[PDB]
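Student: Sequence first, structure after, both from an experimental entry:
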Amino acid sequence: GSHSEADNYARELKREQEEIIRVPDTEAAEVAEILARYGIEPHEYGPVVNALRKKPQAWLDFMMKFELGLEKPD
Amino acid sequence: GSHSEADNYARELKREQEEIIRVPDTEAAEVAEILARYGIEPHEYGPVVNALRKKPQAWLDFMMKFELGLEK
Ligand code: NI
Ligand code: NI
Ligand code: NI
Ligand code: NI
Ligand code: NI
Ligand code: NI
Ligand SMILES: [Zn+2]
Ligand SMILES: [Zn+2]
Ligand SMILES: [Zn+2]
Ligand SMILES: [Zn+2]
Ligand SMILES: [Zn+2]
Ligand SMILES: [Zn+2]
Ligand SMILES: [Zn+2]
């Protein structure tokens, strides 16, 4: 039929927040991996990671876009 | 006739590259504003923006993925 389940966004949003809460250290290295793909060095991305960790809402939206390739609608 | 997925990307890769050559500082601001979107402070994102300006293909890759949302 015509579809109305919470899409992949809604489902991924849930999963991603838990990880942040439950294994923040793992989610922080994920950001390193992502930025490191583009040649960036730890001394350059260290403070970025550090900024996101102190901002649980930002960090979630960051992971959504950078790790998972999905935009917050509106 | 044909529209290769390779073609649509090489067309957009061309355009954005011609932007990095013609208006590089404007493109550096594009990265800035994308990062600042996530409450990162210019002292924090500055060096990243700098890191990219020094590796133009990475900087080009970065825009392709995160500014335009395209994949290889
Ligand atoms: Ni149906
Ligand atoms: Ni994870
Ligand atoms: Ni360095
Ligand atoms: Ni045709
Ligand atoms: Ni541009
Ligand atoms: Ni600060
Ligand atoms: Zn169906
Ligand atoms: Zn569906
Ligand atoms: Zn997933
Ligand atoms: Zn995840
Ligand atoms: Zn993650
Ligand atoms: Zn046609
Ligand atoms: Zn462009």
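Tutor: Here it is on my side, so go on. Numbers count the residues shown, from 1 in each chain, chains lettered A, B, ... in the order given. Ligands and ions are numbered 1, 2, ... in the order given.
Student: How about residue A:16: what's its closest non-neighbour residue?
Tutor: Leaving aside its sequence neighbours, residue A:16 sits nearest to residue A:63 (C-beta to C-beta, 6 or more residues apart in numbering or on different chains; 5.0 Å). To be clear about C-beta, it is placed using only N, CA and C from the backbone, and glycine gets the same treatment.
Student: That neighbour contacts residue A:20, doesn't it?
Tutor: Yes - Residue A:63 is in contact with residue A:20 according to C-beta atoms under 8 Å; the separation is 7.2 Å.
Student: Residues that sit against both of these two, list them.
Tutor: residue A:27 (C-beta atoms under 8 Å, 6 or more residues apart in numbering or on different chains).
Student: more crowded one of the two?
Tutor: A count of neighbours by other C-beta atoms under 10 Å in any protein chain shown puts residue A:63 above the other of residue A:63 and residue A:20, at 24 against 19.
Student: And ligand 11, is the strand or helix carrying the more buried one touching that?
Tutor: Assigned by DSSP states H and E, residue A:63 falls within helix A:56-66. Yes - Helix A:56-66 is in contact with ligand 11 by C-beta under 5 Å from the ion, via residue A:63.
Student: So which elements touch that helix?
Tutor: Applying 3 or more C-beta pairs under 8 Å, 6 or more residues apart in numbering or on different chains; DSSP states H and E, one finds that helix A:56-66 contacts helix A:8-22, helix A:24-36, helix A:42-53.
Student: cutoff 6 Å now
Tutor: helix A:8-22, helix A:42-53 (3 or more C-beta pairs under 6 Å, 6 or more residues apart in numbering or on different chains; DSSP states H and E).
Student: Out of those helices, flag the one nearest ligand 10.
Tutor: helix A:8-22 (4.7 Å; C-beta to the ion).
Student: What separation do you get for the residue nearest the centre of chain A and residue A:34?
Tutor: Central residue of chain A (C-alpha atoms, centre = their mean): residue A:63, 1.1 Å from the mean position. Distance, residue A:63 to residue A:34, using C-beta to C-beta, to the nearest Å: 9 Å.
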